[PDB]
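Everything below concerns the one structure shown next.
There are 2 protein chains.
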Amino acid sequence: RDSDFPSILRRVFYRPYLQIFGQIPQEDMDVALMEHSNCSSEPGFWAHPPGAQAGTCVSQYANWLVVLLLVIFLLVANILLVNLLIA
Amino acid sequence: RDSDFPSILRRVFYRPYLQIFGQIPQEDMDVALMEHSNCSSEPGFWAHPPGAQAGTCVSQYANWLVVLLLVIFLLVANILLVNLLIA
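As structure tokens, this is what we get:
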């Protein structure tokens, strides 16, 4: 919900970049680790991420896909790209 | 503001050294993750880092450059130097 332009750029580039160095904020992306609150007037279910620079309210519609994307991101970046660069 | 000589040496060498091993204290360097307080009599905007050995008050003038420097540091040290040593 806090979709300012710097916030969008941060959550699109800076947070995934830090995930490559062991900085994985599960509480800001995994809805099962958040408290489910009615913080959005839009239809659907929402949860409150505790992070300061998170959106303070996120959708839980397909959060399993967010978790799967994190798994795939870690595989592709922390394992494949780094080892390829080593080679 | 807490610029003692051991504190300066710590924040200049020891903290960046630990960043190479996954110890990245974002709350002590990223002003967006701090609370903005009027803890300095000098002109400008200031924020309070929660870390014990941080300066308890830091400038937020060009904190985007601090974030960019962290990004570049991680790239140069955790990726380039380590893989070069492996080779």
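In order, the protein sequences belong to chains B and A.
Numbers 955 to 1041, taken from the deposited numbering, label the letters of the first sequence in order.
Numbers 955 to 1041, taken from the deposited numbering, label the letters of the second sequence in order.
Even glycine gets a Cβ: it sits at the ideal position worked out from N, Cα and C.
query	result
For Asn-1032 (chain A), count neighbouring C-beta atoms within 10 Å of its own C-beta (all shown protein chains included) and say buried if the count is 16 or more, exposed if not.	buried
Who are the near neighbours of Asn-1017 (chain B) in its chain, counting only those whose CB is closer than 6 Å to its CB and skipping five residues on each side?	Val-985
Beta-carbon within less than 7 Å of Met-983 (chain A)'s beta-carbon, same chain only, minus the 5 sequence neighbours each way: which residues are those?	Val-1020, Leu-1024
Compute every distance between the C-beta of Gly-998 (chain B) and the non-hydrogen atoms of the ligand ADP, then say whether any falls below 6 Å.	Of ligands this structure carries none, so the ligand ADP is not represented either.
Taking just the CA atoms, how far does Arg-955 (chain B) sit from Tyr-1015 (chain A)?	27 Å
Could you tell me the distance, in whole angstroms, from the CA atom of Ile-974 (chain B) to the CA atom of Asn-992 (chain A)?	35 Å
What would DSSP say about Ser-961 (chain B), mapped onto helix, strand or coil?	helix
Between A:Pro-1003, A:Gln-980, A:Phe-959, which has its C-alpha nearest residue 1051 (chain B)'s C-alpha?	An answer regarding residue 1051 (chain B) cannot be provided, because it is not within the stretch 955 to 1041 covered by chain B.
Tell me the rounded alpha-carbon separation between residue 947 (chain A) and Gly-976 (chain A).	As shown, chain A starts at 955 and ends at 1041. That puts residue 947 (chain A) outside it, with no answer to give.
Identify whether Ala-1001 (chain B) lies in helix, strand or coil by the three-state DSSP scheme.	strand
Is any beta-carbon of chain B found at less than 7 Å from that of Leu-987 (chain A)?	yes
May I have a chain-ordered list of the alpha helix (DSSP H) segments no shorter than 4 residues that lie completely inside the region 975 to 1029 of chain A?	980 to 983, 1017 to 1027
Should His-990 (chain B) go down as buried or exposed, given a rule of 16 or more other Cβ atoms within 10 Å for buried?	exposed
Strictly under 7 Å for the Cβ-Cβ distance: is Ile-978 (chain A) near chain B by that measure?	yes
Measuring only the C-alpha atoms, how far is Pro-997 (chain B) from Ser-1013 (chain B)?	10 Å
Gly-1005 (chain A) and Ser-957 (chain A) look like a contact to me (Cβ under 8 Å); what is the Cβ gap, rounded to whole Å?	Between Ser-957 (chain A) and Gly-1005 (chain A) the Cβ distance is about 14 Å, and since that is not below 8 Å, they are no contact.
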